[PDB]
Structure formats: structure tokens, C-alpha cells
Amino acid sequence: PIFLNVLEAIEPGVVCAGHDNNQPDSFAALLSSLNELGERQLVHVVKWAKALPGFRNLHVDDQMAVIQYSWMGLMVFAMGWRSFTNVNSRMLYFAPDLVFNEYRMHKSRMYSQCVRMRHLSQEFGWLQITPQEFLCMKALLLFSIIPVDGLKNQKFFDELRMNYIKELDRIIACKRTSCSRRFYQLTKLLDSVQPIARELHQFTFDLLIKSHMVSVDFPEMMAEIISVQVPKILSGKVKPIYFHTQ
Ligand SMILES: CC[C@]1(O)CC[C@H]2[C@@H]3CCC4=CC(=O)CCC4=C3C=C[C@@]21CC
């Protein structure tokens, strides 16, 4: 299984937020630790993406673009998996040093968004998602959001996305109507990530705009992305690719 061998080999290790778990929880400190973790994760998502099979087939500009547009969804999806494996989805395992209990969901003022993320985490349990299905789904998620008017070289992208869908189907058939109900389940789960990412895009965008006054810090790399790429998505210029009607 050359494909799966590669996916495990390139999977990022643990990433820490650097949070002070000794301080009392507060809005500014929690959101500032999440933003720092987001910057750290982004660095890892780029190295991970660039090591994926066939990634260099994409035009150089298209490579960074798909990474910037899918960053949020990719973070949420992997965070949902970590929460599942580490705490059976009972809390949101953003990092070993930044685990959100219900009190933190509330103090971060991201309660409703955390509910949606924890629900996603529970679905890894309900559907009995295997670590290999998770790896394949997460790679495909990178190729699931594009400009309405297309990429610099859309044909290379369409071929790469087609191959990752086929690999997902393959890992399925290896042990299998059954396959079909399974492919249906996994594609529905992939789609469900998009609305969650859209809520988080709205939330981080609104926070960036008022960040001067709510004392929340945004590292340079993302503030760039949040003010330049995220608005393209929120204004409908860049849209997710759904398997099913929405
Ligand atoms: C105020 C936190 C916030 O801006 C809002 C939503 C946050 C997302 C939520 C999803 C996520 C999952 C992770 O495993 C790492 C960090 C991570 C974020 C960091 C900062 C963000 C996005 C850049």
C-alpha cells in the first residue's frame, strides 16, 4: 500500500500551543493561545501538503492557494480526530496543552462553534472511522475548495482530486453495497466539515477586525490569510466542492 505508507509517513506529529494552564481562564488568553496554535499548525499543514503524492503536479501558485483555503477545514478535521482518539470526543483536544472543557467553550465565547466541532468529533466514533480512512479523508479535504472561476491550472487539480477520491474508494474496497453505503457515509462526513469551517471563517474574520479592542493577538501569517484569502470565501468568490446537494 504505497499510498497509505506515504500518508502515515508524512502525518504531522504533536503540536503544542504554549498556553499557561496555570492562569485562570480568560477570553483574551484563550483566544490568543488558539491563534498561536493556528500559526504553528499552519506551518505543519504546509510541509504536510507539499509532501503529498502528486502535489507538485499543481501550478506553484495553485499549491499555496489550496493550502490557504483549506487550512481551516483541515485543522478542524484533524482536531476532531485527536479529540476522538484521546478523550472519546468529550472535550476538544486542540493541543496536549490546550484542551477545551465546557467552561473553556464558554469563556472563549466560541461555544456554539465548539458544539459543532465536538459533534464532528463524535461522528468519528459513531461511524467507527479507521485511522487509514481518516488519513485518506483528510488528504482529500485539501482538494475540496476552489475559486468559482477556477485555478491557474484547473486540469492538474481535477486529475489530482479524482485520484484521491479513487484512493478513498480503494481503502474502502479492501475488506469489502457495503462499500457503497460506506462511501456514502464518508462523503457525507467530508461535506459536513464545510459548514463548520464556514462558521469558523466568519468567527475569525470578525475577531481579526475587532482584535484591537478585544486584546486578541493574531500572528502575521494569518492575519494575512484571514484578511486576504478568507474574505474571498466569505464573499462567495471561493467555494467548497460538495459531494452531495447541500
Ligand atoms: C480565536 C481562535 C481562532 O481565530 C478562531 C477559530 C480558531 C481555529 C479553530 C480550529 C482549530 C483546530 C486546531 O487544532 C488548531 C487551532 C484552530 C484554530 C485557531 C485559531 C482560530 C482560527 C485562525
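Only heavy atoms go into these numbers, but all of them, side chains included; no hydrogens, no water, no symmetry mates. Atoms within a ligand are numbered from 1 in the order they appear, just like the ligands themselves. FYI, the numbering just counts along the sequence from 1.
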Undergrad: Determine whether any protein heavy atom is located less than 4.0 Å from atom 20 (C) of ligand 1.
TA: yes

Undergrad: Tell me which protein heavy atom sits closest to atom 6 (C) of ligand 1, plus the residue, atom name and distance to 0.1 Å.
TA: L200 CD2, 3.8 Å

Undergrad: Restricting to non-hydrogen atoms, name the atom on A95 and the atom on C16 that form the minimum distance, rounded to 0.1 Å.
TA: CB-CA, 4.3 Å

Undergrad: According to the interplanar angle, ranging from 0 to 90°, do the rings of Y103 and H106 count as parallel (below 30°), tilted (30 to 60°) or perpendicular (above 60°)?
TA: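 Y103 vs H106 ring planes: parallel.
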
Undergrad: Step by step, would you call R182 with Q185 a side-chain hydrogen bond (donor to acceptor under 3.5 Å, both in side chains)?
TA: CA-CA 5 Å; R182 193 40 170 196; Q185 295 179 317; 3.2 Å; yes

Undergrad: Give a yes or no on whether the ring-centroid distance for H119 and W126 is below 6.0 angstrom.
TA: yes

Undergrad: Over 60° means perpendicular and under 30° means parallel, so tell me whether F143 and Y164 are parallel, tilted or perpendicular.
TA: tilted

Undergrad: In the protein, which heavy atom is nearest to atom 5 (C) of ligand 1, and how far is it?
TA: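 Of every protein heavy atom, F203 CD2, 3.8 Å lies nearest to atom 5 (C) of ligand 1.
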
Undergrad: Return the residue, atom name and 0.1 Å-rounded distance of the protein heavy atom closest to atom 10 (C) of ligand 1.
TA: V76 CG2, 4.0 Å

Undergrad: Working note: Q154 + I146, criterion side-chain contact (heavy atoms from CB on, under 4.5 Å); need CA distance, chi angles, decisive distance, verdict.
TA: CA-CA 9 Å; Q154 191 71 53; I146 57 171; 3.6 Å; yes

Undergrad: With heavy atoms only and a cut-off of under 4.0 Å, state how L207 meets ligand 1: side chain, backbone, both or neither.
TA: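 Side chain only.
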
Undergrad: Nearest non-hydrogen atom to atom 11 (C) of ligand 1 belongs to which of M75, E39, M72?
TA: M75

Undergrad: Quick check on contacts: which atoms of ligand 1 are under 4.0 angstrom from a heavy atom of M79?
TA: 12 (C), 14 (O)

Undergrad: What protein heavy atom sits nearest atom 13 (C) of ligand 1, and how far away is it?
TA: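 Closest protein heavy atom to atom 13 (C) of ligand 1: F94 CD2, 3.8 Å.
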
Undergrad: How does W71 reach ligand 1, if at all, at less than 4.0 Å between non-hydrogen atoms: by side chain, backbone, both, or neither?
TA: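 Near ligand 1, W71 shows its side chain, while the N, CA, C and O stay back.
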
Undergrad: Check whether any N or O atom of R82, backbone or side chain, sits under 3.5 Å from an N or O atom of ligand 1, and answer yes or no.
TA: yes

Undergrad: What residue and atom, counting heavy atoms only, is the protein's closest point to atom 15 (C) of ligand 1, and at what distance?
TA: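 Its nearest protein heavy-atom neighbour is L37 CD2, 3.7 Å.
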
Undergrad: Check this for me, if you would: do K188 and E123 make a salt bridge, where the nitrogen-to-carboxylate-oxygen distance has to be below 4.0 angstrom?
TA: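 Judged by the 4.0 Å cut-off on N to carboxylate O distance, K188 and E123 do not form a salt bridge.
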
Undergrad: Distance to 0.1 Å, residue and atom name: give those for the protein heavy atom nearest to atom 3 (C) of ligand 1.
TA: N35 OD1, 3.4 Å

Undergrad: Before accepting this row, confirm whether a basic side-chain N of the pair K155/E159 lies closer than 4.0 Å to the acidic partner's carboxylate O.
TA: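 Here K155 does not pair with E159 in a salt bridge, since their nearest N and O are not under 4.0 Å apart.
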
